[PDB]
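Peer 1: First portion of the complex, with coordinates as positioned in the assembly:
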Amino acid sequence: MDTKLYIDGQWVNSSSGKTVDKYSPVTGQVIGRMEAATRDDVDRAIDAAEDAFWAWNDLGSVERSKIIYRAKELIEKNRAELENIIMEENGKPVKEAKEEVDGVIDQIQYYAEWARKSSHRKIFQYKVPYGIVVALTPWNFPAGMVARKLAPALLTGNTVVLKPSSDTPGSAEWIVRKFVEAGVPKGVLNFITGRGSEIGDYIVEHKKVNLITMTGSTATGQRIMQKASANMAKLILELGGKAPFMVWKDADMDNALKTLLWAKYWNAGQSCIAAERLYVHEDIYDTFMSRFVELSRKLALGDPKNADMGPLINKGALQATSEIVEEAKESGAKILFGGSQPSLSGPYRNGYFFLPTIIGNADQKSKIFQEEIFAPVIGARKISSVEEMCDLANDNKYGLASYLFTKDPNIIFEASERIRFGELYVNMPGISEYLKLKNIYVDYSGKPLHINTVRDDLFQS
């Protein structure tokens, strides 16, 4: 499909006339185009948003919620199309796509459901929009993330300029279209595609932007933060991590294995909570590793209609992965399975597929263990004590997700405090952020004021 821009209620082309090609990660062939927006286009979008803001605000939450509900309904009616788009653009297995769609739907529903939800001195506390919201959605879940971003912002009465990832405009565009159909007014939602190397910074630091909501890589987040010093925007940033996966000697093996499989290979490891480091107890280690290898052997790559795991999002990512693997190799590491592209028939051989890759002889200090991978590759390391394990877990710049398999309650308890991570998943696999409080303090006594530091003998005249 060819995607366009949506600026002040119209589908338009880039003002410069430039486009960017969209490649299929399944075939490696161009399958679409998107418009490469200019600074000018961005500005226009922002202006539109500004214009629409007050009107949007005045409609009240209820009306907004109605619209949102309608949009959701529309999406539900045509979910198949969305699923197909997802399959095209990201190569996700069908099941995964379906799941994502479901999630999107549910989140929309949930966000809609928040609609309407001295003695002579009072404080009035209103909760009001921030104003103009810029939404940056990463292609990890190019629909789900959009849903997360757009809905609540919209409900709280903010106007929006959405820029999706250059890799996954299509889904986002579709969503936008759906929203428009549902009755979002002109200027309330604007859609801007384009290479971040040209416009991303500009979009971030623009004079009129009030809030930025973003999910993606840490570096990108950092950059955004740096930029926003110009306009003092409120920042909502989710920036992934390097989740340790810890399996103690007493773990239920099968379950653990399943969890590991999910954690690494769901969306080919391209997640903000994916298993990034494997730590297994020395007593079971070897056996466990084999089992894992065996499991990996059985996963099919290729067509979304039947594959267990999809491709990486683009050529560049694939290349990076390859480089990482090479680095691992050319520094001692044993590749226990995979470590290359698969060998597939027909169009699929030029897709960006990478084999499930498992690495031993793995240095705790190496790139494999210290830098985010975001791909179906993991290094494994033995452990022999709880404290040691904890130390290993904590030895990272990133602290988002973590996983633990054990039946020892004490250990679990201890990790609850010792593992310094935002989520710990044990034996298993926000709306207010978009509102600003304003206070109005009123004194209606009508009596003379007395202020400690102002002498009242100034007012016996």
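Peer 2: Perfect, thanks for sending it. Numbers count the residues shown, from 1 in each chain, chains lettered A, B, ... in the order given.
Peer 1: Doesn't residue A:279 belong to a helix?
Peer 2: No: under DSSP: H, G, I helix; E, B strand; the rest coil, residue A:279 falls outside any helix and is assigned strand.
Peer 1: got the residue ranges for the strands in the stretch 101-250 of chain A?
Peer 2: A:121-129, A:132-137, A:159-164, A:189-191, A:211-215, A:234-238, A:243-247 (DSSP state E, counting those that start in this stretch).
Peer 1: and residue A:75, which of those strands is closest to it?
Peer 2: strand A:189-191 (14.5 Å; CB to CB). Any C-beta I mention is one placed from the backbone N, CA and C, and that applies to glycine too.
Peer 1: How about residues contacting that closest one?
Peer 2: Strand A:189-191 is contacted by residues A:5-8, A:45-46, A:48-49, A:150, A:154, A:159-162, A:172-173, A:176, A:179-180 when judged by CB atoms under 8 Å, 6 or more residues apart in numbering.
Peer 1: can you check stretch A:223-241 too?
Peer 2: A:130, A:134, A:136, A:201, A:204-218, A:220-221, A:271-273, A:276, A:372, A:374, A:396, A:398-401, A:421, A:433, A:436.
Peer 1: Indicate which one of the strands of the stretch 101-250 of chain A is closest to residue A:447.
Peer 2: strand A:121-129 (11.3 Å).
Peer 1: Check which residues of the closest one are buried.
Peer 2: For strand A:121-129, a neighbour-count test (16 or more other CB atoms under 10 Å) marks residue A:129 as buried.
Peer 1: what's in contact with that strand?
Peer 2: By CB under 8 Å, 6+ apart, the list of residues contacting strand A:121-129 reads A:53, A:57, A:156-158, A:432, A:434-445.
Peer 1: rerun at 7 Å
Peer 2: Strand A:121-129 has contacts (CB atoms under 7 Å, 6 or more residues apart in numbering) with A:57, A:156-158, A:435-443.
Peer 1: What residues of the helix or strand containing residue A:294 count as buried?
Peer 2: Assigned by DSSP states H and E, residue A:294 falls within helix A:285-297. Neighbour-count burial for helix A:285-297, counted by 16+ other CB under 10 Å, picks out A:285, A:288-289, A:291-292, A:295-296.
Peer 1: and then chain B:
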Amino acid sequence: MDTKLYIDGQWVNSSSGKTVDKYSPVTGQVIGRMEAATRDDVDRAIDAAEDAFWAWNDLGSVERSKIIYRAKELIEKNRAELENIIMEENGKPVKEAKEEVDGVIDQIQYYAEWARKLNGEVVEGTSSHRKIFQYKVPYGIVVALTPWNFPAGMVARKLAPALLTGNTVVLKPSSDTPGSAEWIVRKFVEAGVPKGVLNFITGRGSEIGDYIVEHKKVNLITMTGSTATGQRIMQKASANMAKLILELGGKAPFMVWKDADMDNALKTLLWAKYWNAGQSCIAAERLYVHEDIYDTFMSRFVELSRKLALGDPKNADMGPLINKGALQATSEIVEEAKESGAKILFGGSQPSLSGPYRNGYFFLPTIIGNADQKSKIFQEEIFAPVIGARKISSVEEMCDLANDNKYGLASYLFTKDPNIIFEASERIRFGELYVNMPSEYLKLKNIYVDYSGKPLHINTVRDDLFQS
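Peer 2: Okay, chain B now, added to the rest:
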């Protein structure tokens, strides 16, 4: 007084040996010294904090609260000393100092009172054999950057809650007001804060400030000060991804409609501009008065200003500016205002005071008319006892004037028309509107547990992989 560093439980000197002189804003003479910490010192402090963190955490909230209470009590016992220090370092009128002290005490009390009240929570999972445990935990190592304008109160605001929530702290106060901060730190130590939990670093920000901000091991930065400084801090923290708590002042419009209670309004204005010589985040920075009363009001204001005494904290109504530099800046601003049309209706210079006080950094209450809405006086933060005034003749116009500003934190309105008040509640785009009157330190972490002890079924993991 000569202040020092507190690093890993010891009072020490700077590693470089260098110090910075502290001037009295009342006399303009050097009255003390503080140590000019090095990068190395900062690093050491950070390390100490890191070391102490776990121990501090393990003590539990209750113990921490106890300590805090003790500290508060100690402060109360010796508040006079603190007051005196404040008077020395900032030249605040005695009353103001007292008020500040009171505030400090109260905030400490309040923060102590949250012990055991931010407990964790247990909520339902996605089945009857799944639970999600939500603990509230410290961020870790906190850097606290306190300003000079409320050099005790701000410290109190920063240190207490952080300490209670189980964070360890490296405090750097303003180079203009180390003494109060130091005293507070000492008090805390006396109360029983353990080694490394609280570290105190003084030093010129031009050397170390950036370094302190962007250090690898820092988890949270809490700061109050100027907007530019805040921006800089933000920029720096891209290096370490620290959680930021920033309070950055503003340019508060002061609006007086035709039906205002005159006297009260005047009093409020006086408070707003001249409290702490206008050196406050929510101080009156722009004056808008209704054309029907304007002239009279202005005179009245002028008259009031005439009556305010400057000089010694023991008897003055208003204190000096914090340093020579600030004074100079103020002077420059005034000159700019002059050399571009403006009528100085009163003041506009240093006062004429006897003895040592004439070399202090006092500036007269300054009131300016013929004031351009687009000028520096109306668009850039002043933070001094100077204000420009402008007529208004409609509500909409007034609103527009108010909103025409880069910085929007506080605002004041005097009127008896309810409709107007209502309208401003939505039309004035400011965080606080004063009408006819003058957990951040905790991180949530989740633990998801499945206890079923049964085989898991995950849509995308085929169970036919485990029929062998």
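Peer 1: again for the contacts of strand A:189-191, since chain B is there now?
Peer 2: By CB atoms under 7 Å, 6 or more residues apart in numbering or on different chains, the residues outside strand A:189-191 that reach it are A:5-7, A:45, A:48-49, A:160-162, A:173, A:176, A:179.
Peer 1: Those: which ones sit near chain B?
Peer 2: Restricting those to those touching chain B (CB under 7 Å from any CB of the partner chain) yields no residues.
Peer 1: So which of those is the closest to residue A:386?
Peer 2: Using CB to CB, those come closest to residue A:386 at residue A:162, 45.7 Å.
Peer 1: Tell me the backbone dihedrals of residue A:20, please.
Peer 2: Torsion angles at residue A:20 (phi, psi; degrees, to the nearest 10) stand at phi -120, psi 140.
Peer 1: swap that for residue A:56, sorry
Peer 2: phi -60, psi -50.
Peer 1: out of everything not next to it in sequence, what's closest to it?
Peer 2: residue A:188 (5.1 Å; CB to CB, 6 or more residues apart in numbering or on different chains).
Peer 1: Identify the residues contacting the one you found.
Peer 2: Here residue A:188 is in contact with A:52, A:56, A:159 (CB under 7 Å, 6+ apart).
Peer 1: Can you add neighbour count and give those back as JSON lines?
Peer 2: JSON lines is the format used below for the contacts of residue A:188 (neighbours: other CB atoms under 10 Å in any protein chain shown):
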{"residue": "A:52", "neighbour count": "22"}
{"residue": "A:56", "neighbour count": "23"}
{"residue": "A:159", "neighbour count": "30"}
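Peer 1: and the residue nearest the centre of chain A, what does it touch?
Peer 2: Centroid-nearest residue in chain A: residue A:215, 3.9 Å away (criterion: CA atoms, centre = their mean). Counting by CB under 7 Å, 6+ apart, residue A:215 makes contact with A:137-138, A:145, A:238.
Peer 1: end-to-end on stretch A:322-335?
Peer 2: 13 Å (CA to CA, to the nearest Å).
Peer 1: Would you mark the buried spots in it?
Peer 2: A:324-325, A:328, A:333, A:335 (16 or more other CB atoms under 10 Å in any protein chain shown).
Peer 1: How is chain A divided into domains?
Peer 2: Following curated CATH domains, one finds the domains of chain A at A:1-240+A:430-461, A:241-429.
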